[PDB]
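Q: Pasting in a structure now, in structure tokens, and then I'll have a few things to ask.
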Amino acid sequence: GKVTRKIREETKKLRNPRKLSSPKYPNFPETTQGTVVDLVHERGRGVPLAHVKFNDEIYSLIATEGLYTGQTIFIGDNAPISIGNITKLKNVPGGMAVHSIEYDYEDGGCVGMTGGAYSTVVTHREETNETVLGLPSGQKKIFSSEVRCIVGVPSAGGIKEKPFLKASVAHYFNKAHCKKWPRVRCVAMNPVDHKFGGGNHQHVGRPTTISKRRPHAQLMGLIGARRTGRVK
Amino acid sequence: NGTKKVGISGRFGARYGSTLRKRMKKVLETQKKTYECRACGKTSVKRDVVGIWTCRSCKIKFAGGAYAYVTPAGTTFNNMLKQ
RNA sequence: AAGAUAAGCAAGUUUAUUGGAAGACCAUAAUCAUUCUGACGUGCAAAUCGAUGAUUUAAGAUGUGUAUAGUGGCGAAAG
RNA sequence: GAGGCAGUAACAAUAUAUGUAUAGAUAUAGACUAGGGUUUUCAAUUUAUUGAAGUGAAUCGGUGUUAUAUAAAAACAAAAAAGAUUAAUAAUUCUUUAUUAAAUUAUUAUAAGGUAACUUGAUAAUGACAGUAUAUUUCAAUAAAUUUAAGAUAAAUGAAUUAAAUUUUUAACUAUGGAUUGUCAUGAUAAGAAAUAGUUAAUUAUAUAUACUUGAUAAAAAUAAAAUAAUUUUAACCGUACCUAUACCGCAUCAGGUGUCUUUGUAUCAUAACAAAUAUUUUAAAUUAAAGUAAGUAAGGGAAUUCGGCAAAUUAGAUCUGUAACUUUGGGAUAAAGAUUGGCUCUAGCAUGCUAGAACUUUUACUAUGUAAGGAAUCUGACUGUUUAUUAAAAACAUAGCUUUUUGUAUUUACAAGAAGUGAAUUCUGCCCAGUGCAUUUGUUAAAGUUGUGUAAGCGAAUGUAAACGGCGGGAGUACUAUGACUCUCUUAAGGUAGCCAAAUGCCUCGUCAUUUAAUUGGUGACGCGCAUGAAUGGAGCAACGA
RNA sequence: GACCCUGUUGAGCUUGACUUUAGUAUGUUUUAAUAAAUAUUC
RNA sequence: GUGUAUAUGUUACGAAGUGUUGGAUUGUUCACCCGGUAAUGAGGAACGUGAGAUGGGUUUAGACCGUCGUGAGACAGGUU
Ligand SMILES: [Mg+2]
Ligand SMILES: [Mg+2]
Ligand SMILES: [Mg+2]
Ligand SMILES: [Mg+2]
Ligand SMILES: [Mg+2]
Ligand SMILES: [Mg+2]
Ligand SMILES: [Mg+2]
Ligand SMILES: [Mg+2]
Ligand SMILES: [Mg+2]
Ligand SMILES: [Mg+2]
Ligand SMILES: [Mg+2]
Ligand SMILES: [Mg+2]
Ligand SMILES: [Mg+2]
Ligand SMILES: [Mg+2]
Ligand SMILES: [Mg+2]
Ligand SMILES: [Mg+2]
Ligand SMILES: [Mg+2]
Ligand SMILES: [Mg+2]
Ligand SMILES: [Mg+2]
Ligand SMILES: [Mg+2]
Ligand SMILES: [Mg+2]
Ligand SMILES: [Mg+2]
Ligand SMILES: [Mg+2]
Ligand SMILES: [Mg+2]
Ligand SMILES: [Mg+2]
Ligand SMILES: [Mg+2]
Ligand SMILES: [Mg+2]
Ligand SMILES: [Mg+2]
Ligand SMILES: [Mg+2]
Ligand SMILES: [Mg+2]
Ligand SMILES: [Mg+2]
Ligand SMILES: [Mg+2]
Ligand SMILES: [Mg+2]
Ligand SMILES: [Mg+2]
Ligand SMILES: [Mg+2]
Ligand SMILES: [Mg+2]
Ligand SMILES: [Mg+2]
Ligand SMILES: [Mg+2]
Ligand SMILES: [Mg+2]
Ligand SMILES: [Mg+2]
Ligand SMILES: [Mg+2]
Ligand SMILES: [Mg+2]
Ligand SMILES: [Zn+2]
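As you go down the protein sequences, you meet chains LA0 and LPP in turn.
Residue 65 in the authors' numbering sits at position 64 of the first sequence; the count goes up by one each step and never skips.
Residue 51 in the authors' numbering sits at position 49 of the second sequence; the count goes up by one each step and never skips.
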């Protein structure tokens, strides 16, 4: 046969990988004050970024919900908690919304980068100095304290309301996000290109649930499912 | 005035279905509307980019949602900080 | 189609204008290839010619520069 | 090396008694780049052969910067134009008037003025960035008037036709002021309107100001200073002829193919067509064959021809009346169906070149060129789109919409990133885990090591899972005849529910009934023990759309 | 001769055909020193 | 000849001179109806005749449904 589509797409990512910003905030020993300068828009991502200014140095950050040009925010380990400020994790009471959490201390940020997605805090445990967070995916993860984070819900709202009612709307989405579009179903192909292909009618003939035990080039279909079907 | 119940979604004509054009009328009403400026008090705030709202008079940009000036999940977290 | 203005009748509702949205409709130049199973068929031509047709601001057409090589590449998919 | 067929097929063939002319005929024409390389010009000898001559740059290209460890003769960048000369070069030679940069000379302000916006020698700025619609009429061009010149008519004409030149207030900001006011459209103002006084500019159509579409918001880097006058054997290296199709590529003087720009006159929407401009071109016969390739016309009948109305014919522009069933309420619709159209002389409106009405007249008026045949039903695909260069353009592919699954240590961070199936909207999505797969959890099984002994995953067993692969029976009696609501019985994982049909799915089969026709194996509507229909391997359904 | 047949002549493709292999999972041996705790054998 | 009164039939012998013609359905040959006439007779010639024509079916490479096969695939089953 020939090399299929999945392996040929990953080696096309090594010839020209996709490029993004990775915005991080600095670290400062005591509480300082900074000003918001302007709001911009990037090519790949939907959430707008913000340029703040600490000690006559301009950095880049993800914009929170209510933010206007010229406003003042504070950064430090013991800043007061309000909209757009960045404090330590232990100060916030249970029930609020944070949107950039570093895994360890003195890191930029790891969790909650996209627009419209936020996390919640559920508790504090004074023994061993740990707090449990509620991830946007729905899983409870235990975080160590003394990491610092930003208070508020991120901007850009709910983008998934109105559909791509035309085909032309989805053309410019996948082109900016560097994905392959359109896609051909694997049953329509000839049996050289794909395992499911060929035949006299369009059907599969093999079970579509494939274990994870098998090697890398044999993985296709619903890989390693614990369940299949509508629940009710 | 010419339309009975379609409204702004009459540009689509007689395609894409029925309930797909209902979902367009909810979103396109709140996108093209102008709002009050929180700074200057005038009604000149419009949208130009996804997530960026700016005023015509005072020229001050505000962060916000995709299609609305305020987000319903955005206003509930302002109340719990007031207490 | 939204938006806006007036004149009537009496919370609203008829009539007349202004405005110019849409993967809306139609032609020339340019492009493609449905039918005559027309012409030609040691041909003008190792795939052309005539009439008839389809097409229009876009998921279009095109020059140059850089990247992808044979159990390999590229593919809105006919091997 | 040379025959027959055979001088056969197939191609080329304008007029003049005197001419470097008078006529006819066909073809739009001209510049930069890619490719060609002396084909350029002249002389001599007959699209040939030989021999000479010809390409002149401080301001026209390259040489310079870069496209997120080798990239631009169309992106960025110091500076010029006329008028003439040669057999052939000319923003390059010559005349006239200019501009840039570098080296040497002569001279010198170190600040004034305005309440303010700002004016004058008195530095630290940028290269640099989508698309569409409307309003300006800058130039230019038309039209008119005038002044010189040209060509023709048997005649006639308030003086025709052609050429050259000369002419035809708005936006910001400042000071007073204290509440109104604009655009073709949307408006602007106590974060100060109108009205006054004033200071800057008016970007030359590839411009200016507004508005509109987007899960698309529309490149990089080298690059800076300034007053007045003068000077120069100061400004290096390479290409500058000619052809745009009979001087390229297809083995050719090939009806094919090949990037960009410019181009005059009539043309009441345009298109089509004709004429200008410019370039090429010389001599057989003819009222007569048959059968061909094109273009025309036809008495009476009107699809009887044929697998099939294949080919041809009819309709058509513009103004006024009028417009159905169905529907996803937007459409269907320019539905269908009728009536009018010339020429000349006037009247009436205001926006002054557009529109209504009236009288007179004729071998009657969009029709030279261009320009929809219409209606009623069925099957299938939602739509715009794409595809076997050279026998298949479709019911195939794609698409939005719906659903399942993997990942919390992503240069990117779960409204994100990989893997699969169906195919817009409306209404539905029934039963089965025995078989094969997939997931989760507590009998059999290798080697190496130790004086000797012991300990692996996997397979097997238990529990979940069918919008995972898939599957969804048969026989007997029982209420004038007839049928079986009801009952009995073999087994199995469960025994096809809601729906639909001789359908693109029914062998017997040209099934049975009705209707369409003079006559039907065709079409449509009903019937069902369905050889072998059936639910996201999706079932049912047609509004809009279809070479 | 593309249809059909023969040849101990070939090639593209599939799989519960025969024989094997890249990748991957799990054992054993190699692994810095030190102190302590716990369990199993004697 | 007659189970031939006339009319209308039926059987036998001689006889190839001349006639045997129009349409609806199907790819048809075959088949079956309508209309008419004196009478729509049976057949051969490489199952006459493609450098005479047409290309509807059959019969390469696109594609759909139903049945079989775990699968590539198959069907003198049905379509374009
Ligand atoms: Mg295929
Ligand atoms: Mg394979
Ligand atoms: Mg299917
Ligand atoms: Mg269109
Ligand atoms: Mg032909
Ligand atoms: Mg190579
Ligand atoms: Mg094939
Ligand atoms: Mg000839
Ligand atoms: Mg020569
Ligand atoms: Mg010359
Ligand atoms: Mg000159
Ligand atoms: Mg030259
Ligand atoms: Mg030249
Ligand atoms: Mg050319
Ligand atoms: Mg030629
Ligand atoms: Mg003749
Ligand atoms: Mg006739
Ligand atoms: Mg006639
Ligand atoms: Mg007929
Ligand atoms: Mg006939
Ligand atoms: Mg026709
Ligand atoms: Mg008249
Ligand atoms: Mg289609
Ligand atoms: Mg083809
Ligand atoms: Mg087509
Ligand atoms: Mg074709
Ligand atoms: Mg499809
Ligand atoms: Mg659906
Ligand atoms: Mg099972
Ligand atoms: Mg179940
Ligand atoms: Mg049933
Ligand atoms: Mg049906
Ligand atoms: Mg019948
Ligand atoms: Mg043998
Ligand atoms: Mg072999
Ligand atoms: Mg015979
Ligand atoms: Mg024969
Ligand atoms: Mg033939
Ligand atoms: Mg013959
Ligand atoms: Mg055929
Ligand atoms: Mg099967
Ligand atoms: Mg078949
Ligand atoms: Zn404002």
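Think of the CB as a built atom: it goes at the ideal place given N, C-alpha and C, for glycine as much as any other residue.
Rank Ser46 (chain LPP), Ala75 (chain LPP), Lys27 (chain LPP), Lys34 (chain LPP) by C-alpha distance to the C-alpha of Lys61 (chain LPP) and give the top, closest one.
A: One-based indexing of the second sequence puts residue 61 (chain LPP) at position 59. Considering only alpha carbons, the answer is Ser46 (chain LPP).
Q: Counting only C-beta atoms, is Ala157 (chain LA0) closer than 8 Å to chain LPP at any point?
A: In the first sequence, the residue the question calls residue 157 (chain LA0) occupies position 156. Answer yes: the Cβ-Cβ gap between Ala157 (chain LA0) and chain LPP drops below 8 Å somewhere.
Q: Tell me, which residues are paired with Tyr60 (chain LA0) by DSSP?
A: If you number the first sequence from 1, residue 60 (chain LA0) lands on position 59. Looking at the DSSP output, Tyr60 (chain LA0) bridges to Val53 (chain LA0).
Q: Give me the chain LPP residues within the contact set of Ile84 (chain LA0), using Cβ-Cβ distance strictly less than 9 Å, ordered along the chain.
A: On the first sequence, position 83 is the one that residue 84 (chain LA0) refers to. Correct list: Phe79, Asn80, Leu83.
Q: My output table needs one value for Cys57 (chain LPP): the three-state DSSP class, helix, strand or coil.
A: Indexing the second sequence from 1 puts residue 57 (chain LPP) at position 55. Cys57 (chain LPP): strand per DSSP, three-state reduction.
Q: Would you call the region 77 to 91 of chain LA0 and the region 150 to 168 of chain LA0 touching, i.e. three or more CB-CB distances under 8 Å?
A: yes
Q: Using three-state DSSP, classify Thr121 (chain LA0) as helix, strand or coil.
A: On the first sequence, residue 121 (chain LA0) is found 120 positions in, with the first residue counted as 1. Judged by DSSP in its simplified three-state form, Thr121 (chain LA0) adopts strand.
Q: Going by Cα to Cα distance, which pick from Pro183 (chain LA0), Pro24 (chain LA0), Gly159 (chain LA0) is closest to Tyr119 (chain LA0)?
A: Within the first sequence, the letter at position 118 stands for residue 119 (chain LA0). Ranking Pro183 (chain LA0), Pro24 (chain LA0), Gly159 (chain LA0) by Cα distance to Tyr119 (chain LA0) puts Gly159 (chain LA0) first.
Q: Need the endpoints of the beta strand (DSSP E) that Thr36 (chain LA0) sits in, please.
A: As a position in the first sequence, residue 36 (chain LA0) is number 35, starting the count at 1. Its beta strand (DSSP E) spans residues 33 to 41.
Q: Output, in chain order, the set of chain LPP residues within a Cβ distance shorter than 7 Å of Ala64 (chain LA0).
A: Counting from 1 along the first sequence, the entry for residue 64 (chain LA0) is found at position 63. Chain LPP residues near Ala64 (chain LA0): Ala65.
Q: With 16 other CB atoms within 10 Å as the buried threshold, where does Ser156 (chain LA0) fall?
A: As a first step, residue 156 (chain LA0) must be located in the first sequence, where it is residue number 155. It counts as buried.
Q: Can you pull out the residues from the region 45 to 59 of chain LPP whose beta carbon lies closer than 7 Å to at least one beta carbon of chain LA0?
A: Listed by position, the residues of the region 45 to 59 of chain LPP near chain LA0 (Cβ gap below 7 Å) are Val51, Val52, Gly53, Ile54.
Q: For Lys196 (chain LA0), which residues does DSSP report across the bridge?
A: Numbered from 1 along the first sequence, position 195 holds the residue referred to as residue 196 (chain LA0). In the DSSP output, where bridge partners are listed per residue, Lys196 (chain LA0) has none listed.
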